[PDB]
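The primary structure of each chain is shown beneath.
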Amino acid sequence: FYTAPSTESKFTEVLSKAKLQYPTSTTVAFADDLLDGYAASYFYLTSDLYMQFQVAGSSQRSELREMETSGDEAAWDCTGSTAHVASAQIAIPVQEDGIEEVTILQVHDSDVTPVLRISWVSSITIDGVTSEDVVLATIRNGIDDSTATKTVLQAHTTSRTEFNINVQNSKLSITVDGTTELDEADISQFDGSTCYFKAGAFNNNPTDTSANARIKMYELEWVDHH
Ligand SMILES: O=C(O)[C@H]1O[C@@H](O[C@H]2[C@H](O)[C@H](O)[C@H](O)O[C@@H]2C(=O)O)[C@@H](O)[C@@H](O)[C@@H]1O
């Protein structure tokens, strides 16, 4: 009794270029599975046509991982001259009690390091400034450095919001509803790495391991160019 996101043509291309991971890193549905009507409590189309991801547990995820239509995994040069762009229209609902951070978009390297996470956070303190209920960009400072540079992008709203990630020439930019909120952040620390996009709900440090994080996407696409 779940409608598949594949029933909406606006998702055909991204699903053809994705695989779904749930609840950890193992793939539960490949592109062909997704295109053939895959749907479950953790991944389904709502009545008003959002692709909704839902998951409970610490560091558990319901997440799409960028793929090539060939079936190759996406593995583009993180710092190369070819622009890689991810665009999404995301409605972040008020999260259930005990949900503290939910990652909704990533640039991830082809090993174990997220280059960028865009996440909702209940709270965050950056250089002495605490912000409540915001959308955050987190860029890891290196593969061998567990620390990250964090940037507030937006006050959380339930309204559908346009996010754009543009990666090119060792820099990364983020726009929110068309306004630049992170302007050519350096990611040269991933020279020599390959990268891919992810999108969905990835539940970070919940205080209630039973609560469900929940994220809705009205549009989603990832492209490259030159
Ligand atoms: O909480 C920390 O100690 C560090 O977490 C970092 O983000 C994590 C994130 O919580 C997820 O587990 C993800 O899978 O891996 C990320 C990682 O880079 O290890 C950063 O938030 C960092 O600022 C924290 O120091």
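Looking at the entry header, you'll see X-ray crystallography listed as the method and 1.78 Å as the resolution.

In the nomenclature of the PDB entry, the protein is known as Alginate lyase (PL7) of Paradendryphiella salina.

**Q** Explain the UniProt feature "domain: Alginate lyase" (unreviewed entry) in the protein to me, using residue names and the numbers behind them.
**A** Under the feature "domain: Alginate lyase" (unreviewed entry), the UniProt entry names residues 15-220. Secondary structure over residues 15-220 splits into 3% helix and 56% strand, and the C-alpha atoms at its two ends are 9 Å apart.

**Q** How would you explain the site of the ligand if you had to name every residue and give the values?
**A** Around the ligand, a shell composed of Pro 114, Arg 117, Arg 140, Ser 146, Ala 148, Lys 150, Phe 202 and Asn 204 is seen. Between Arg 117 and the ligand, the recorded distance is 3.0 Å, taken from a side-chain N or O atom to an oxygen atom. In the environment of the ligand, an oxygen atom lies 2.9 Å from a nitrogen or oxygen atom belonging to the side chain of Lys 150. For the ligand, whose free accessible area comes to 510 Å², the fraction covered by protein is 56%. At the level of secondary structure, the elements contributing two or more residues to the shell around the ligand comprise β9 (114-126), β11 (148-155) and β15 (194-204). A per-class count over the shell around the ligand returns 3 nonpolar, 2 polar and 3 charged.

**Q** Quick one: what's the story with the pattern of salt bridges, residue by residue and with numbers?
**A** Pairing is possible between side chains that carry opposite charge, provided their charged atoms lie close to one another. Under the definition given, this model contains 6 salt bridges. With its nearest N and O atoms 2.9 Å apart, the salt bridge here joins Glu 101 to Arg 117. Of this pair, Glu 101 sits in strand β8 (residues 101-109) while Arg 117 sits in strand β9; the two residues are 16 residues apart in sequence, bridging distant segments of the chain. This pair shows no difference in class: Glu 101 is buried, exactly as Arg 117 is.

**Q** Any details on the packing of aromatic side chains? Residues and values, ideally.
**A** Counting across every chain of the model gives 8 aromatic pairs. Between the aromatic rings of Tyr 2 and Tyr 44, the centroid separation amounts to 5.0 Å while the plane-to-plane angle is 35°, which identifies the pairing as tilted. One end of the pair, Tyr 2, is in the segment before α1 (12-16); the other, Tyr 44, is in strand β3 (residues 43-45), and 42 residues separate them in sequence. Look at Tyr 2 and you get partly exposed, because its relative accessible area is 33%. Against the face of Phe 202 rests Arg 61, its NZ or CZ located 4.0 Å from the ring centre.

The rules behind each value
- Residue labels reflect position in each chain's written sequence, counted from 1, rather than necessarily the entry's numbering. Residues lacking coordinates are not shown.
- Hydrogens are left out, water is left out, and the side-chain values use all remaining heavy atoms of the structure.
- UniProt positions are given in the numbering used here, feature names are shortened, and annotations may be inferred rather than shown by experiment.
- The secondary structure listing takes helices from DSSP runs of H or I that are at least 4 residues long and strands from runs of E that are at least 2 residues long, numbered from the N terminus.
- Note on definitions. A residue lies near a molecule or strand when any single heavy atom of the residue is within 4 Å of it.
- Pairing of N or O atoms within 3.5 Å defines a polar contact, subject to two protein rules: one partner must be a possible hydrogen donor and the other a possible acceptor, and residues neighboring in sequence count only if both atoms are side-chain atoms.
- Method for areas: the Shrake-Rupley scheme with a 1.4 Å probe, in which residue coverage is limited to the protein chains shown.
- Polarity classes work like this: nonpolar for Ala, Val, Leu, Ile, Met, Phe, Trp, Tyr, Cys and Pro, charged for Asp, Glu, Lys and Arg, and polar for all others, with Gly in that last group.
- In what follows, salt bridge is the name for a side-chain nitrogen of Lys or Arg lying within 4 Å of a carboxyl oxygen of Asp or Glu.
- Buried means the residue's accessible area, taken with a 1.4 Å probe over protein chains only, is under 20% of the maximum for its type, while exposed means over 50%, and partly exposed covers the values in between.
- What counts as a ring pair is set by centres within 6.5 Å for rings of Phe, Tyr and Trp (its six-membered ring), and what kind of pair is set by the plane angle: stacked under 30 degrees, edge-to-face over 60, tilted for all other angles.
- Consider the ring centre and the ring normal. A charge sits over the ring if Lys NZ or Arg CZ is within 6 Å of that centre and within 35 degrees of that normal.

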